[PDB]
Amino acid sequence: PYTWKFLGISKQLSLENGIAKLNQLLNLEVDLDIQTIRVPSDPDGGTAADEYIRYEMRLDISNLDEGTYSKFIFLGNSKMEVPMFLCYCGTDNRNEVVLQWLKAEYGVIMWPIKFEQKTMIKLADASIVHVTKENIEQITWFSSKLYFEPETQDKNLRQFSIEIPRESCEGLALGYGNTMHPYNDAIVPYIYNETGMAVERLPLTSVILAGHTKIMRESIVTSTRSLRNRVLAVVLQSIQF
Amino acid sequence: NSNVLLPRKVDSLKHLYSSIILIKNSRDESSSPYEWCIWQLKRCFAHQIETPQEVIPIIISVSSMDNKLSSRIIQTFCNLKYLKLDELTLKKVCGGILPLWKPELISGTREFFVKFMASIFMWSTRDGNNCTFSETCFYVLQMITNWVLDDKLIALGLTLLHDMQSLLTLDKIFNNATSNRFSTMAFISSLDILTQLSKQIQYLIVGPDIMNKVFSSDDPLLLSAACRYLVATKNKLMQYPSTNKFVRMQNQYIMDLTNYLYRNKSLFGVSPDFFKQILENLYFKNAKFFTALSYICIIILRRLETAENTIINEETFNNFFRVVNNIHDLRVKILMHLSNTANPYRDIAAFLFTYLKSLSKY
Amino acid sequence: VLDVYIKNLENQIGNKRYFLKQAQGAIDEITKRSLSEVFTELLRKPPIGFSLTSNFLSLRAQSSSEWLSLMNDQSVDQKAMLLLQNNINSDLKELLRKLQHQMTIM
Amino acid sequence: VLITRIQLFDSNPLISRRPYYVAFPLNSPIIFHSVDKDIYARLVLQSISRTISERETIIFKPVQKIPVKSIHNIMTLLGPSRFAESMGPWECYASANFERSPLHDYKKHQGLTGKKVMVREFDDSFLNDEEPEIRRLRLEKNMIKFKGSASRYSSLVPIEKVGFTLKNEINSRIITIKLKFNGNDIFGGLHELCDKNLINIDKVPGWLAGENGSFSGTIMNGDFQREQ
Amino acid sequence: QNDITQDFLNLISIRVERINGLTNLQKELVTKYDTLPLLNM
Amino acid sequence: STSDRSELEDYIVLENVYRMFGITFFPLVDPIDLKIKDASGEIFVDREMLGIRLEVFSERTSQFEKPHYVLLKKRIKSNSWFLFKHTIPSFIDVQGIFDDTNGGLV
Amino acid sequence: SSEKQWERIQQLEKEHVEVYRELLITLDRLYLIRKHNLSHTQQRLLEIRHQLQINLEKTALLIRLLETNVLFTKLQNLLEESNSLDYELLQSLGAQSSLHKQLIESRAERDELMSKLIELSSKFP
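Protein chains in written order, with the UniProt record's numbering: chain X, 2 to 242; chain Y, 321 to 330, 334 to 451, 454 to 525, 532 to 595, 601 to 619, 625 to 632, 638 to 656, 664 to 676, 690 to 728; chain C, 7 to 41, 50 to 60, 69 to 128; chain Z, 154 to 165, 193 to 309, 317 to 337, 374 to 451; chain D, 97 to 110, 124 to 150; chain G, 153 to 258; chain W, 4 to 40, 45 to 74, 79 to 136.
Okay, here's the thing in structure tokens:
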């Protein structure tokens, strides 16, 4: 139950400097690892516009409560138009004082990120691609429950949902062929072929998986604390111009 | 301070923050509110913001001055690629950034302005009825309004005015069959700017094809602004010699305009055999239509009929025979009442009294 | 009284569309066959009016009303902007005078 | 119809119960009762099932589990009526507004007059996205698919809740999906969403279009069947 | 020069059928979008 | 189209004299399964449908009543009709009669 | 029950004048091509000829109709209500021009004061 709100960052910045000012303003100590991660480590990427620099600003405090526990997962790239962004969870006041420090010190522009429909489709595509240590991408499956909430005259059709079980999802994926994108090449053409409801134009609200994640239009609710690399890669790719 | 997002967000001095940072910078290049302005404009264009109305007037008010930020905004925004994103917000920012610009960097931006005006024209024709293209013509004409106020950038202004007027006079935008008044409003604005130039470079003549097209339209506001321009260039051309066939061209213009107007009898851009061909195709009555304007004459005739107790053609002569006491003089009285008052369509009466000396004593 | 007008208007529409199609086909046939003073000779050569007058004047009325609403809204925004700009200019002039005073005092 | 109000009592003088309604249509084997699940409801329904017979025994298997709102709606849906099975795009056959009797004129006949139609598209030309006659014909096409021939969005009957299930079969794999709906009038809002060009009407199947209304059942190879 | 010439160049440069009682079955089946009987007599 | 008009009028009055029998088999096609074979652009019908037009003629008012329609659709894997969408009111049992005729398979 | 028919005949009138303008320009193009087996001025005099054709058609309509029955009250109310806003339009244009002149004066004063303030701030430096 870690609702990940998302905010934008205007200018590319390093984080190794100025962190002592945050320590002096906060009277705490935080660890900021520098993970130079790279998406689809399979060699069909060219090693260009595929790498990112992740700054997991943890707060190594007493973990007796999860609502006061708040990570700060960052991302960046020195090649795109908007280079960086962050995402924060929890309900601490330290989130407010650290966004105060980020607005005050480096002089950047913050704004919340609203989600599209194809962005939510790509996030549901990327939140199931699991990375193992043997340099390959194994794909788990979840009984996904899509959602819609349109507005009609006199509240005719309030809300309606499309639920797909796990074995059916795996059958559609194995029947489409071998690809790393199931939820944009197999299921959505199947729903368009058998129902005619194009889910790219219908108003999405909550692409919900089987207790694993819960992708929304304003936030992402998960079950574990960590967020995967492809998820933040798709989010950073989405907010470009 | 350094938090720019809380400074110009929207303290008695809170209205004066950006000027303080700009004088504390010694500017010359990319400051902090410059980056905030361009970033908020990009965020408003890419639809990444919920409400652009809480940001856009702040952008306009901080960017109405500061010519370098305005030049960078017009240099890196006025293109088709940001035109195809959102035409409303582009309309707002070009209404806010253009009439206060007055560029003096290179003074070679003629090709850039005609390229932008051609690109927005190609996009407004690619929709085909957009009611959008004439708004930026109004704004670029209000920037022509301040370009001619200084001694600098006047030749560029007049050649851009000629290019804009020749581009605004296509029948895809305005025509008497099925069109609007937006191009007419932009054209009367440009003609008013021409009057303000002529009242105080041998290119004041707008060219005879545009002259016959602005005379040929049945738009009364456009015709009143046209004859206003004609009396203005009469006042500017009276102190010029009658050689080189341009003063004679202006005489031909006012002669053709009087041929459309009260004076009868001829080459009004086309042979009178073509007039006889049309009048033999559709149809005493050969000259019963020589001068939607006559509804205003009938309405103002009913208005002046209030001071007394109680389709100008030969039927009006029959109605006069049914019971001043003429038909040839009621038009002169209508022109006199349009002359003396401060009601609009004043310039047609001003032209009819400043020319055609046999009727100037009315 | 209107149905016969609709009927002859549609008949004229079909007649003019057939004339357009035959004209374009004839010119395309001549151009596929192909591999001054004539324009002057063209210059010497050559349910409609009420429909065009009604359509033209109605769209003129709608466009003039839209132009008036747009210009009134932009006029009140530009007037509020001019008011706020002049107030900021007056406050900055007062701060300029006080800064000149504080420069003379030091 | 015949509406029967059955009221019951209890002794702590007499504390009343909730009145239980049982609606008999005149000539139909479908009997409506008010929605309850207490032991008094089962007692009243079982007593009616015992006393209506008098010659040979009758049982009451329930045909639906989701309640519906009004008595006009349930009468038009499941009573003795011509709309009892068509209910959807087949609503034209439940009113016969397309044909006349054989004793009618032949000059005013659809074979002789001809109806204005629009050429359908069968290639995938929907995912890549003016002429008001074609716009009127598109709205007429949506009116044809979601209703009969020709307010203005609400159907004949408002349906509250519908849950579908599409069990197709590709390369010997049973691929199930589970559609669920909600709201006041489902198929009217679906016609409204199709009217805004969000749903490609060329690929809307019959069961989604509104036929077999208020019936939430599965689909096994292209033919609807209700659920118990 | 080139600007006025380019402006002059830019200025100079700038299905529904009705079925009946008799028809072939392919042209009827293409436009068949209603749940009505076939009108081919 | 005058001789074809008279031929179509004779066809329509022949349809009328056949329809005076009472039990007619009008052809039909469900517009959802109009699949294209993609071999020449032509359209073949996937699942055939056959509509029955029952029409009872009265005697007192001496006119035809409202005709009741029965629609049959062929199953996808059995080559036998199953009763798709009938319009008969429910006091006349239709599904049991369709199960009773010819042992269920038609 | 006249509003739907009136908007239908409005759309029909727009389509009619569209196909009429297309007919005129394609008859001109037909005479241009078939008269012999092309410039901005030539096309401009052609559109001038078209504008004169529509103007004579307009005044022929006016002298045939005007020079309280059916299909006549629409034109009368149209000419009554179409020409009552020109004074307000010129009022709004004059207000916008005066607002632009005031903005030019304030921007010139602000830029001069900005140059003087950056001079005084370089003196402060």
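Backbone N, C-alpha and C fix where the C-beta goes; we use that ideal spot for every residue, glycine too.
Against chain Z, a Cβ distance below 9 Å from residue 133 of chain D picks out nothing, because the smallest value is about 14 Å. Assignment of beta strand (DSSP E) within the region 193-235 of chain G, counting only whole runs of 3 or more residues, yields 201-206, 220-226 and 233-235 in chain order. The beta carbons of residue 75 of chain X and residue 85 of chain X sit closer together than 8 Å.
Residue 213 of chain X sits in coil when the DSSP states are folded into three classes, being neither helix nor strand.
Annotation: residue 395 of chain Y is outside any beta strand (DSSP E); the continuous alpha helix (DSSP H) that includes it extends over 390-398.
Contact between residue 205 of chain X and residue 121 of chain X is confirmed by a C-beta separation of about 5 Å, below the 8 Å threshold. DSSP, read as helix, strand or coil, puts residue 470 of chain Y in helix. Contact with chain Z is found for residue 148 of chain D, since one of that chain's Cβ atoms lies less than 8 Å from the residue's Cβ. Ranked by Cα distance from residue 356 of chain Y, the first of Y:404, Y:344 and Y:367 is Y:344.
With contacts defined as CB atoms closer than 8 Å, residue 174 of chain G and residue 202 of chain G fail to qualify as a contacting pair. Residue 141 of chain X and residue 129 of chain X have their C-alpha atoms spaced approximately 6 Å apart.
Burial check for residue 580 of chain Y: the Cβ neighbour count within 10 Å stays below 16, so the residue is exposed. Within chain D, 135, 138 and 139 have C-beta atoms less than 8 Å from the C-beta of residue 195 of chain G, given in sequence order. In the displayed model, residue 85 of chain X falls within a strand according to three-state DSSP.
DSSP lists no bridge partner for residue 78 of chain C. Put simply, the backbone Cα of residue 522 of chain Y is about 8 Å away from that of residue 473 of chain Y. At a cut-off of 8 Å between beta carbons, residue 257 of chain G makes no contact with chain Z. Chain D has no Cβ within less than 8 Å of the Cβ of residue 502 of chain Y. Each residue's CA atom was taken as its position, placing residue 497 of chain Y and residue 413 of chain Y some 23 Å apart.
Residues of the same chain with a CB within less than 6 Å of the CB of residue 257 of chain G, apart from the 5 flanking positions on each side, are 232 in chain order. A direct Cα-to-Cα measurement between residue 186 of chain X and residue 125 of chain X gives close to 12 Å. Distance between residue 22 of chain C and residue 21 of chain W, taken at the CA atoms: about 11 Å.
With contacts defined by Cβ atoms closer than 8 Å, residue 76 of chain C and residue 120 of chain W do not form a contacting pair.
Below the 8 Å Cβ cutoff, chain W contributes 81 and 82 as neighbours of residue 7 of chain C, in chain order. The alpha carbon of residue 216 of chain G has as its nearest neighbour, out of G:161, G:172, G:204 and G:165, the alpha carbon of G:172. Contact of residue 269 of chain Z with chain D is assigned, a C-beta pair being separated by under 8 Å. Residue 545 of chain Y has its alpha-carbon roughly 40 Å from the corresponding atom of residue 367 of chain Y. Under a criterion of Cβ atoms nearer than 9 Å, the residues of chain Y adjacent to residue 107 of chain D are, in order, 491, 492, 494 and 495.
Close CB contacts of residue 124 of chain D within its chain, under the 6 Å cut and outside five residues either way in sequence, are absent. Contacts with chain D at 8 Å (Cβ-Cβ) do not include residue 39 of chain W. Residue state for residue 5 of chain X is assigned as strand, using DSSP reduced to three classes. Straight across, the Cα-Cα distance linking residue 721 of chain Y with residue 425 of chain Y is about 38 Å. Take the alpha-carbon of residue 324 of chain Y and the one of residue 439 of chain Z: they are about 58 Å apart.
Neighbours of residue 371 of chain Y in chain X, taken as residues at a C-beta separation under 8 Å, are given in chain order as 9, 112, 114, 115 and 240. Sequence-distant partners of residue 80 of chain W (beyond 5 residues in either direction) whose C-beta falls short of 7 Å from its own C-beta are missing from its chain. The beta carbon of residue 330 of chain Y sits closer than 8 Å to the beta carbons of 377 and 381 from its chain, once the five residues preceding and following it are set aside; these are given in chain order.
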